[PDB]
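Content type PDB, C-alpha atoms (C1' of nucleotides), from the file input_33.pdb:
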```
MODEL        1
ATOM      1  CA  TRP H   9      32.277 131.495 -52.216
ATOM      2  CA  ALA H  10      34.099 133.410 -54.929
ATOM      3  CA  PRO H  11      32.619 135.725 -57.572
ATOM      4  CA  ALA H  12      33.761 135.881 -61.152
ATOM      5  CA  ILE H  13      36.406 138.580 -61.549
ATOM      6  CA  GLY H  14      35.599 140.897 -64.387
ATOM      7  CA  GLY H  15      38.776 141.875 -66.200
ATOM      8  CA  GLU H  16      38.514 143.234 -69.754
ATOM      9  CA  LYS H  25      39.396 141.536 -84.336
ATOM     10  CA  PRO H  26      36.580 143.040 -82.282
ATOM     11  CA  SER H  27      33.392 141.035 -82.477
ATOM     12  CA  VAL H  28      30.825 142.405 -84.912
ATOM     13  CA  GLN H  29      27.751 141.414 -82.908
ATOM     14  CA  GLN H  30      25.708 144.540 -82.305
ATOM     15  CA  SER H  31      23.289 144.680 -79.395
ATOM     16  CA  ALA H  32      20.049 146.597 -79.632
ATOM     17  CA  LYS H  33      20.826 148.440 -76.410
ATOM     18  CA  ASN H  34      24.162 149.495 -77.875
ATOM     19  CA  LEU H  35      22.770 151.413 -80.822
ATOM     20  CA  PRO H  36      23.317 155.180 -80.732
ATOM     21  CA  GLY H  37      21.182 157.051 -78.268
ATOM     22  CA  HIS H  38      21.427 160.151 -76.119
ATOM     23  CA  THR H  39      24.447 161.047 -78.196
ATOM     24  CA  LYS H  40      25.107 164.414 -76.634
ATOM     25  CA  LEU H  41      25.555 165.314 -73.004
ATOM     26  CA  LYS H  42      23.582 167.963 -71.213
ATOM     27  CA  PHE H  43      25.750 170.424 -69.361
ATOM     28  CA  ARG H  44      24.648 172.618 -66.521
ATOM     29  CA  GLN H  45      23.723 176.013 -67.867
ATOM     30  CA  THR H  46      23.510 179.337 -66.175
ATOM     31  CA  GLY H  47      20.613 178.651 -63.855
ATOM     32  CA  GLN H  48      21.284 174.963 -63.237
ATOM     33  CA  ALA H  49      23.967 175.163 -60.544
ATOM     34  CA  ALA H  50      26.819 175.545 -63.021
ATOM     35  CA  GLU H  51      30.260 175.707 -61.459
ATOM     36  CA  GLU H  52      31.178 179.232 -62.554
ATOM     37  CA  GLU H  53      27.764 180.466 -61.423
ATOM     38  CA  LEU H  54      28.159 178.923 -57.968
ATOM     39  CA  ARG H  55      31.510 180.404 -57.008
ATOM     40  CA  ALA H  56      29.733 183.751 -57.285
ATOM     41  CA  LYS H  57      27.389 183.199 -54.351
ATOM     42  CA  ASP H  58      27.548 182.482 -50.655
ATOM     43  CA  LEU H  59      25.890 179.108 -50.290
TER
ATOM     44  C1'   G I   1      30.785 196.900-118.686
ATOM     45  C1'   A I   2      29.628 188.683-120.314
ATOM     46  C1'   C I   3      28.251 181.496-121.049
ATOM     47  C1'   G I   4      26.391 173.219-118.407
ATOM     48  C1'   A I   5      24.633 168.110-118.906
ATOM     49  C1'   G I   6      26.262 163.311-116.033
ATOM     50  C1'   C I   7      29.448 160.832-111.365
ATOM     51  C1'   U I   8      32.014 160.805-107.327
ATOM     52  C1'   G I   9      33.714 163.881-103.948
ATOM     53  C1'   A I  10      31.619 169.089-101.125
ATOM     54  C1'   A I  11      30.844 171.033 -96.011
ATOM     55  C1'   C I  12      26.958 173.084 -94.563
ATOM     56  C1'   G I  13      20.886 171.985 -94.165
ATOM     57  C1'   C I  14      15.151 168.879 -93.327
ATOM     58  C1'   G I  15       8.100 171.585-100.259
ATOM     59  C1'   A I  16       5.969 165.645 -99.182
ATOM     60  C1'   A I  17       6.468 161.072 -98.672
ATOM     61  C1'   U I  18       7.486 157.282 -93.379
ATOM     62  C1'   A I  19       8.899 152.842 -91.841
ATOM     63  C1'   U I  20      11.717 150.543 -88.076
ATOM     64  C1'   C I  21      14.236 150.437 -83.544
ATOM     65  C1'   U I  22      15.952 151.814 -78.276
ATOM     66  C1'   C I  23      15.021 153.808 -73.562
ATOM     67  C1'   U I  24      11.698 155.630 -69.169
ATOM     68  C1'   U I  25       6.712 154.938 -67.882
ATOM     69  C1'   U I  26       1.556 153.647 -67.833
ATOM     70  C1'   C I  27      -2.338 150.473 -70.148
ATOM     71  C1'   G I  28      -3.891 145.768 -72.409
ATOM     72  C1'   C I  29      -2.908 140.690 -74.170
ATOM     73  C1'   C I  30      -1.513 137.265 -69.873
ATOM     74  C1'   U I  31       1.683 131.440 -66.838
ATOM     75  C1'   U I  32       7.030 133.047 -68.410
ATOM     76  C1'   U I  33      10.244 135.294 -72.146
ATOM     77  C1'   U I  34      10.201 136.635 -76.887
ATOM     78  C1'   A I  35       6.738 138.462 -80.228
ATOM     79  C1'   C I  36       2.675 142.279 -79.531
ATOM     80  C1'   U I  37      -1.532 146.349 -78.235
ATOM     81  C1'   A I  38      -2.207 151.795 -77.279
ATOM     82  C1'   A I  39      -1.079 156.061 -74.476
ATOM     83  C1'   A I  40       2.729 159.602 -72.448
ATOM     84  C1'   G I  41       7.575 161.122 -73.157
ATOM     85  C1'   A I  42      12.691 160.828 -74.274
ATOM     86  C1'   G I  43      16.086 159.080 -78.042
ATOM     87  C1'   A I  44      18.098 156.730 -82.556
ATOM     88  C1'   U I  45      18.082 154.645 -87.378
ATOM     89  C1'   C I  46      16.692 153.711 -92.304
ATOM     90  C1'   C I  47      15.291 155.093 -97.317
ATOM     91  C1'   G I  48      15.934 159.494 -99.760
ATOM     92  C1'   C I  49      16.541 164.748-100.633
ATOM     93  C1'   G I  50      19.038 171.402-102.107
ATOM     94  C1'   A I  51      22.601 174.956-103.132
ATOM     95  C1'   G I  52      27.130 176.760-103.354
ATOM     96  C1'   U I  53      33.672 174.759-107.133
ATOM     97  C1'   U I  54      35.932 169.852-107.171
ATOM     98  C1'   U I  55      36.701 168.384-111.009
ATOM     99  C1'   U I  56      36.957 163.262-113.248
ATOM    100  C1'   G I  57      34.221 161.824-117.626
ATOM    101  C1'   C I  58      31.133 166.272-123.040
ATOM    102  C1'   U I  59      29.458 163.601-126.566
ATOM    103  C1'   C I  60      28.042 170.946-126.647
ATOM    104  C1'   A I  61      29.988 175.483-127.333
ATOM    105  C1'   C I  62      31.902 180.374-128.491
ATOM    106  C1'   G I  63      34.653 186.363-128.910
ATOM    107  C1'   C I  64      34.692 193.994-134.273
ATOM    108  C1'   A I  65      30.400 190.312-129.628
ATOM    109  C1'   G I  66      25.113 191.521-127.202
ATOM    110  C1'   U I  67      27.547 196.477-123.742
ATOM    111  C1'   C I  68      33.143 199.852-124.100
ATOM    112  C1'   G I  69      38.008 204.214-120.454
ATOM    113  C1'   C I  70      17.852 212.979-123.044
ATOM    114  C1'   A I  71      20.540 216.642-129.262
ATOM    115  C1'   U I  72      17.069 224.612-131.473
ATOM    116  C1'   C I  73      10.066 228.832-128.837
ATOM    117  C1'   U I  74       7.397 231.411-122.191
ATOM    118  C1'   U I  75      10.353 225.755-117.142
ATOM    119  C1'   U I  76      15.980 224.403-117.680
ATOM    120  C1'   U I  77      22.330 223.129-122.671
ATOM    121  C1'   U I  78      21.411 228.188-126.900
ATOM    122  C1'   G I  79      21.336 232.723-120.529
ATOM    123  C1'   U I  80      19.457 240.250-121.644
ATOM    124  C1'   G I  81      23.056 242.691-123.606
ATOM    125  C1'   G I  82      25.532 248.012-122.158
ATOM    126  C1'   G I  83      26.695 251.757-118.500
ATOM    127  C1'   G I  84      27.463 253.615-113.926
ATOM    128  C1'   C I  85      26.565 255.720-108.315
ATOM    129  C1'   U I  86      29.076 254.131-102.590
TER
ENDMDL
END
```
In structure tokens, how does this file's structure come out?
Amino acid sequence: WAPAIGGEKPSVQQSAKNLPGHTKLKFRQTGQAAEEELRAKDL
RNA sequence: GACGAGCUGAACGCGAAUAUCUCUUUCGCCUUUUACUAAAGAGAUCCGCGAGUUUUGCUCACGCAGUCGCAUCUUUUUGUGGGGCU
């Protein structure tokens, strides 16, 4: 009938799924549809 | 034309030692979840580690000092001299 609304010291409990991982982002390079590469062509 | 041991800082980098975890999958335990198995991958973490001057702490030490702004017989520094012609 009505869901829970999810509004937002800090607690020091550390989850296992919250440990560092995939700590850098991949960006699209030349050759993977990067934005500056794709203005150049007629799609 | 010339001199370090120990600690914390460095900011850059992974000889031989290696454990844990997370995720995405498969496989096996198999009632369920933990807790596990063993494969494929993708990611972290731990415990450590090397060099640059920063000096803190020596308990060592220094300056007419090791170095300064190849030395007479045929092939090299002991030259073959002197004159004069267009």
Take the PyMOL selection byres ((chain I) within 12 of (chain H)), apply it to the structure above, and return the hits as a PDB file with C-alpha atoms (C1' of nucleotides), keeping the file's coordinate frame.
```pdb
ATOM      1  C1'   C I  21      14.236 150.437 -83.544  1.00  0.00           C
ATOM      2  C1'   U I  22      15.952 151.814 -78.276  1.00  0.00           C
ATOM      3  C1'   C I  23      15.021 153.808 -73.562  1.00  0.00           C
ATOM      4  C1'   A I  42      12.691 160.828 -74.274  1.00  0.00           C
ATOM      5  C1'   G I  43      16.086 159.080 -78.042  1.00  0.00           C
ATOM      6  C1'   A I  44      18.098 156.730 -82.556  1.00  0.00           C
ATOM      7  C1'   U I  45      18.082 154.645 -87.378  1.00  0.00           C
TER       8        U I  45
END
```
Of the residues I:82, I:48, I:28, I:4, which is the one nearest to residue 16 in chain I, using all atoms listed in the file? I:48
List the spatial neighbours of range 55-68 of chain I as JSON, numbers by chain - criterion: any atom at most 8 Å away, all atoms listed in the file, same-chain residues fewer than 6 positions off excluded. {"I": [1, 5, 7]}
If you take every atom of range 2-13 of chain I that the file lists and fit an axis-aligned box around them with 5 Å extra on each side, what centre and edge lengths come out in Å to one decimal, as lines of an AutoDock Vina configuration file?
```
center_x = 27.3
center_y = 174.7
center_z = -107.6
size_x = 22.8
size_y = 37.9
size_z = 36.9
```
Which residues would end up in the selection if the PyMOL selection byres ((chain I and resi 46) around 8) were applied here, given that I need the answer as a PyMOL selection string? chain I and resi 19-20+45+47
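Across the model, the gap from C1' of residue 18 in chain I to CA of residue 29 in chain H is 27.8 Å.
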Computed interatomic separation between CA of residue 42 in chain H and CA of residue 55 in chain H (Å): 20.5 Å
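Interatomic distance, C1' of residue 50 in chain I to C1' of residue 8 in chain I: 17.5 Å.
When all atoms listed in the file are used to measure the gap to residue 26 in chain I, the shortest distance among I:49, I:10, I:73, I:39 belongs to I:39.
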